[PDB]
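Residue numbers (the entry's author numbering), protein chains in the order written: chain c, 157 to 310; chain d, 209 to 257.
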Amino acid sequence: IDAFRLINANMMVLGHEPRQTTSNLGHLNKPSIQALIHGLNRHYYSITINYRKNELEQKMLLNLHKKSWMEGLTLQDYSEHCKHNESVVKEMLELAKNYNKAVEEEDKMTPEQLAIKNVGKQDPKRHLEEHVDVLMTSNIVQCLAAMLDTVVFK
Amino acid sequence: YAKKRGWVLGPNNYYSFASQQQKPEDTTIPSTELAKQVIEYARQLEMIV
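So this is what it looks like as structure tokens:
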């Protein structure tokens, strides 16, 4: 979205947009080249647009558009979930075997240059605990929902 | 031991009752404290950086 406003021909050999003592002009857009190839800047000028952001509307749009009450303590229970815990450990075993391979290698082939000639979008720490964090968060939210539901209901 | 303890002589037979309790169990009793323990797991994963 952008708003524009036409200029006259009286200052046509002079500098149009007669702007003065302020410093909020360099923001909100620089003149883009898909827009300045046409009538910018010797035909109109660009203007600044912000939003009248208000309360009594902002939270009632936020909380009412994205909301789910009983979803926070559902289970998606176990037959879909123990299978997921079954799967991730298996390649993480081979990821640990690939983690062994670089550690027992440990050669002075200028190891910062040995690592850049062995780039593979792979193990060292990136393909590491990222999976372990997902294995951590999935089982904690699964078990905390399991223990609270035994507590609350009778 | 008739007056200190029990041991009443019946028809030439003493009597001592059962001192065994009932053992009340639920075994889902730690449901609060196990829900406590998992909280300080993630509390010690996050929040202390």
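Note that the Cβ used here is the ideal one computed from N, Cα and C, for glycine as well.
Taking the alpha helix (DSSP H) that residue i belongs to, which residues open and close that run?
i	result
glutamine 232 of chain c	Element bounds for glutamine 232 of chain c: n/a, residue is neither H nor E.
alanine 301 of chain c	286 to 308
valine 246 of chain d	239 to 251
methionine 168 of chain c	Run containing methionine 168 of chain c: none; DSSP gives neither H nor E here.
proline 174 of chain c	No alpha helix (DSSP H) contains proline 174 of chain c, which DSSP labels as neither H nor E.
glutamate 227 of chain c	Looking at the DSSP string, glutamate 227 of chain c is not in any alpha helix (DSSP H), and its letter there is neither H nor E.
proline 267 of chain c	267 to 272
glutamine 190 of chain c	189 to 192
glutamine 214 of chain c	214 to 221
For residue i, return the contacting residues in chain c, with the cut-off set at a CB-CB distance below 8 Å.
i	result
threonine 235 of chain d	Within chain c, no residue comes near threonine 235 of chain d; the closest Cβ sits about 11 Å away, beyond 8 Å.
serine 239 of chain d	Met303, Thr306 and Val307
Please compile the residues from chain c whose C-beta is within a distance smaller than 9 Å of the C-beta of residue i.
i	result
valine 257 of chain d	Ordered by position in chain c, no residue passes the 9 Å Cβ test against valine 257 of chain d, which lies about 14 Å from the chain.
Could you tell me the alpha carbon to alpha carbon distance between residue i and residue j, rounded to whole angstroms?
i	j	result
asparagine 210 of chain c	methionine 216 of chain c	11 Å
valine 169 of chain c	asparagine 219 of chain c	55 Å
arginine 208 of chain c	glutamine 214 of chain c	11 Å
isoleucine 193 of chain c	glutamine 176 of chain c	25 Å
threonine 235 of chain d	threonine 306 of chain c	12 Å
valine 246 of chain d	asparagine 185 of chain c	50 Å
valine 244 of chain c	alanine 191 of chain c	51 Å
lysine 246 of chain c	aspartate 279 of chain c	15 Å
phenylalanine 309 of chain c	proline 232 of chain d	21 Å
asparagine 206 of chain c	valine 297 of chain c	41 Å
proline 238 of chain d	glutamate 248 of chain d	16 Å
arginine 198 of chain c	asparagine 164 of chain c	10 Å
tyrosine 222 of chain d	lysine 211 of chain d	14 Å
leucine 242 of chain d	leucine 304 of chain c	10 Å
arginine 161 of chain c	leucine 212 of chain c	32 Å
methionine 265 of chain c	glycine 276 of chain c	18 Å
Name the chain d residues whose beta carbon is nearer than 8 Å to that of residue i?
i	result
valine 244 of chain c	Simply none; closest approach about 18 Å.
Give the residues of chain c in contact with residue i, contact being defined as C-beta atoms less than 7 Å apart.
i	result
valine 216 of chain d	Result: empty, since nearest Cβ-Cβ is about 46 Å, beyond 7 Å.
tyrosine 222 of chain d	Within 7 Å Cβ-Cβ: nothing; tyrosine 222 of chain d doesn't reach chain c, min ~47 Å.
Between the Cα of residue i and the Cα atoms of the options, which residue gives the shortest distance?
i	options	result
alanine 250 of chain d	c:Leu231, c:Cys299 and c:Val308	c:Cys299
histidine 172 of chain c	c:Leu196, c:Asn185 and c:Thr178	c:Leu196
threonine 178 of chain c	c:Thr204, c:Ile157, c:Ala191 and c:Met167	c:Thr204
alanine 302 of chain c	c:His183, c:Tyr200 and c:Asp233	c:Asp233
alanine 226 of chain d	d:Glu248, d:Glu254, d:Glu233 and d:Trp215	d:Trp215
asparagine 166 of chain c	c:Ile157, c:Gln269, c:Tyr200 and c:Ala159	c:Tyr200
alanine 252 of chain c	c:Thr230, c:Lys281, c:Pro174 and c:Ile163	c:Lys281
Interface positions of the region 250 to 277 of chain c facing chain d (Cβ-Cβ less than 8 Å), listed along the chain: Those would be none; no residue qualifies.
Note down, in chain order, all residues in the region 295 to 310 of chain c with a beta-carbon under 7 Å from any beta-carbon belonging to chain d. Cβ contacts with chain d: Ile296, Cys299, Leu300, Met303, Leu304, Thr306 and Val307.
Could you run through the region 242 to 256 of chain d and flag, in chain order, every residue whose CB is less than 8 Å away from some CB of chain c? If the cut-off is 8 Å between Cβ atoms, the region 242 to 256 of chain d has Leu242, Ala243, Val246, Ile247, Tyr249, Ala250 and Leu253 near chain c.
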